[PDB]
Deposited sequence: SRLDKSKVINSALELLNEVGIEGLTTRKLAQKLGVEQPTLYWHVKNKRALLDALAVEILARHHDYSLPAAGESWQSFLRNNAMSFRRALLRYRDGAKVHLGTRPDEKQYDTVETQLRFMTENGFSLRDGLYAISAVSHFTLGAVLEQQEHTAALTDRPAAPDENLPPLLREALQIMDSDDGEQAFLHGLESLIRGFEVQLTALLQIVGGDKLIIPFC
């Protein structure tokens, strides 16, 4: 079996879809690849190192709308961006947990740097622009984690709407509400709003 960075990562992603993040160990990866554990150790030192590479790969392979298209509205950006982030996180089993547990690397920081410059350039104060980008992530993460991880009157009645969908509707609705609140805040400046 071939032990190239690419092949290792892909086998790990395949294994991720089969056993999940808790059930993913270097032992099983070695057995999946059909190679002795010490052979694998030379390439991947531990589960932590494997996870970090997985998080990078998950995003790099599906989070395609990470940077604002030149001449686009900040609203449009935050919307498309959150949608990309969500789709990417849903592509793999426990994808959100893999992402949640890893710290960001150089690639993500330059991406974050761009978006911040983008926010400010559109009339956003550094902190408020930071808070905008953060709130979107937090809300997208919580929504995705709720999903991947999973009677009274009004609740029975309402429940049918939530259930007959993968949760996309509720998410998109909340996203809009979040984006609007920022508009109301952006265009308020020093006035009492």
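Stretches of the deposited sequence absent from the structure, as judged by C-alpha coordinates, are 151-164, 208-217.
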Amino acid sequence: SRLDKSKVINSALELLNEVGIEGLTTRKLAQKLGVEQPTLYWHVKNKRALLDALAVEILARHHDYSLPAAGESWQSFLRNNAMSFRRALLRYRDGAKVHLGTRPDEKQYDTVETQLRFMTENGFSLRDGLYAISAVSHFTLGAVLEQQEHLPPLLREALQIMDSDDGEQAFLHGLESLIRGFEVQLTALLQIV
From here on, numbers count along this sequence of modelled residues.
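According to the PDB record, 68-76 carries the higher mean C-alpha B-factor of the two stretches 83-91 and 68-76. Mean CA B-factor, 32-40 versus 59-67: the higher value falls on 59-67.
Which of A143, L154, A132, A49 has the largest Cα B-factor in the deposited entry comes down to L154.
Set against one another, the Cα B-factors of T26, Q160, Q148, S137 in the record reach their highest point at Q160. Remark: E22 belongs to the highest third of its chain, ranked by C-alpha B-factor as recorded. Ranked by Cα temperature factor within the chain, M119 sits in the middle third according to the deposited record.
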